[PDB]
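Both blocks below hold the same protein chain, though in two forms, and each is given as structure tokens: structure 1 and structure 2.
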Structure 1
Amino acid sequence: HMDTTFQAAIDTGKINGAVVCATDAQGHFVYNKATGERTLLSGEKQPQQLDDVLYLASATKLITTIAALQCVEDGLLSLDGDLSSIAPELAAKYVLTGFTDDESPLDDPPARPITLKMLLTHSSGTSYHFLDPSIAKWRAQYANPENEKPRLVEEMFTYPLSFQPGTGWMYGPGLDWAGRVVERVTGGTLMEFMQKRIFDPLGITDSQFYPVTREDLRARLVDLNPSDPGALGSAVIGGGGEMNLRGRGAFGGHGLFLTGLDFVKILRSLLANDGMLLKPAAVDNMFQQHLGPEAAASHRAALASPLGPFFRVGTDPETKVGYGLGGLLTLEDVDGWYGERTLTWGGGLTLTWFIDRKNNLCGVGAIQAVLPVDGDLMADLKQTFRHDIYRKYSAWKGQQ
């Protein structure tokens, strides 16, 4: 019901198209479908194609997550090691506990060092100011940078922690920090490392961080169009895109551009656990709960909060979930849908992905929306993909 649902959304003028790529571990069941049209900077229309270059936005986080785990395999990092030396900017952050009534900020020194595992699972304390009201309040009083100067990761994310390292959960720049950590410990750019360790083994050559400079890629950017002459990804994140315009260097949190076909090669290598990217036991460890007791309780409070629908990535409020290395982790079966220990996340409001090892299925579904982005419609469209792909998978299994 992707077919009729997506077409209805095209007819209303709220999306231009969609790219969907799903596969089992061996490529027996494969479903690839490009729907709709893209618009070129010239205004001319072209059918959506499976090798259109998409803005991944926070789907970047999974890829940065793999890159960090590869440095762990190399012995350049450990999951639980002290990062204070490699990233002193993180060690220097204090923990904001709240405000007095005259609205002055209470902070405390950090009780422990920040580790890679905390960065990868959003339990370090680094929080997006637009999601954490306490951090939103601090940003505004200790304001303002209308500097507009292009900022590196460490010049962009200068706020205190939202909670003692390891003891909470809040979505934030942990993978931008992890990406910077990967650059520092390898002595090269994040693009260089990923090209060599992730894209080359999979035969991927059509990928770049913001800003996209390559002419061949720019000619295939969905997001280079009259509504987005900057190729900022506005349609994917729903207004802006502010962080991209203001950054300098690679942002492992949200910066990558990639085709759906190339993104699913990465998903499938994890699903099949074929050693192309990581040793099997390291992949297995991604699909485990890595929040401790306090952090798990914080996670569940955020999932029950008004932001919870975003944080639940379409999963039901009755489904117990944790956070793995790479995204949300289901902790029980939903019969007919995600098996237990499905890893899932997404990008902006328009893109979502899952890796269901128990049921042997992975996929990405990426709506190409029309500004202004109808957020409630995106949620529905993503949900249609997440469930219709299981329907298609069952029908195929039944036909064998």
Structure 2
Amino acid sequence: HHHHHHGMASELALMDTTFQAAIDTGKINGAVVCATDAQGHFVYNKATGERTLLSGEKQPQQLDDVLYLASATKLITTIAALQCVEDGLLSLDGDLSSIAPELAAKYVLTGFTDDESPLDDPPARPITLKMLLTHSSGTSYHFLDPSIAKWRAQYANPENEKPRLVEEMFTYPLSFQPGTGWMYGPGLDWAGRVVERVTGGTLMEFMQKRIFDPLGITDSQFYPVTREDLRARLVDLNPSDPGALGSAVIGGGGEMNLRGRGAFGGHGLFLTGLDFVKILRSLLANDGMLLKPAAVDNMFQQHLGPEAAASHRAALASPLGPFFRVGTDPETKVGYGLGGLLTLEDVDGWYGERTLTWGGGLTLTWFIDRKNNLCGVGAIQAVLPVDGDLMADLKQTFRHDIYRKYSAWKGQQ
């Protein structure tokens, strides 16, 4: 709830020392860190701490433990969407009304009566794939726009507790006119549905052939993880999370996963840290394993138009700015690319200009720094209750100490 952009995590903290202290404090159980340059010259992979099985037996944390990505799924969904643009099944600016009529049918909630009933406005334009990937569609998580939260409570969910698909779950109005604003929301759950529809298969099938197979990734699954071989390595299948919901990653407040069915491109993927960094690296290298190099290039551009960008930058200064800033400085010029936050200026001895970065829940964070030839992912395996402020510091420790280790390694050849 506070900006942890600069302080002792930024300037002093070392992962080895800080994580280990967090373990013995009993506030985390371990961590998985994976970083690499484009060629695999510099490579840092460290699993620290312990995991607990459902039986209660303990094991040392390990680099191939299966982790809950939570919102780090959004990057992988973004790729699958861009892979459909390559094939010409979609386009970034086309009208999606045909494929996803539910989004065309959405009105823009403008406010409420004193009768407490919604005032709406029809969409000035169709909602596009690009607006889905840049959180400028107008679709917001209800916990980030009170209006949508109010509307969602009034039109109470009848408690017909049946697992719902993406379209059956994010039924709310838009928070602003398509293209004209920015707010974090289910834009990539919608995108993953669009992928399923235009391709005529499940999201997991598509991702498995177009992302995981090219990279040699076999140990992936969306929630719920039914493969017994993966469940044996699931970090979050343990006595504190006997349902493997990802409670420790999302922290308090509830779970993205609980009452859905089908894949959720916004938050649903499980994956090892080792396999996730392969994806980060294929994009750092721009090696044409997932996309053609121009398409990857297009991911590292500011994609919010003037109206959206001001809304983004206003949101970054809102009381929820800390969440949206991913550790960057409140004075660092940023935009939004296809896949995460985009640094627009350079930061000396940290993120290069046009670094893409996002995270998962409160405990996972990733970056791609093409200018400085570094990418990485750090995933804290917390213990409940998850301490949000401490997690920000632990993530900061990763985000800077990995650059520190990079500089040291470069001064050694």
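In this text, the rigid core denotes the largest set of C-alpha atoms whose superposition between the two forms falls within 1.5 Å. Structure 1's sequence is the ruler for residue numbers, which start at 1.
S.K.: Which number belongs to the form solved without Simvastatin acid (SIM), 1 or 2?
M.R.: Note: form solved without Simvastatin acid (SIM) is structure 2; the other is not.
S.K.: Just one of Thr158, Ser78, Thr100, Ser227 has a CA that shifts 2 Å or more between the two structures on a core fit; which is it?
M.R.: So the only displaced C-alpha belongs to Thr100.
S.K.: Rigid core fitted, then: does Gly241 show a CA shift of 2 angstroms or greater between the two structures?
M.R.: Yes; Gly241 is a residue whose C-alpha shifts (by 2 Å or more) between the two structures when the cores are overlaid.
S.K.: Looking at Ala140, what is the CA displacement between the two structures after core superposition, in angstrom?
M.R.: Spelling it out: core superposed, C-alpha of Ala140 shifted, distance 1.6 Å.
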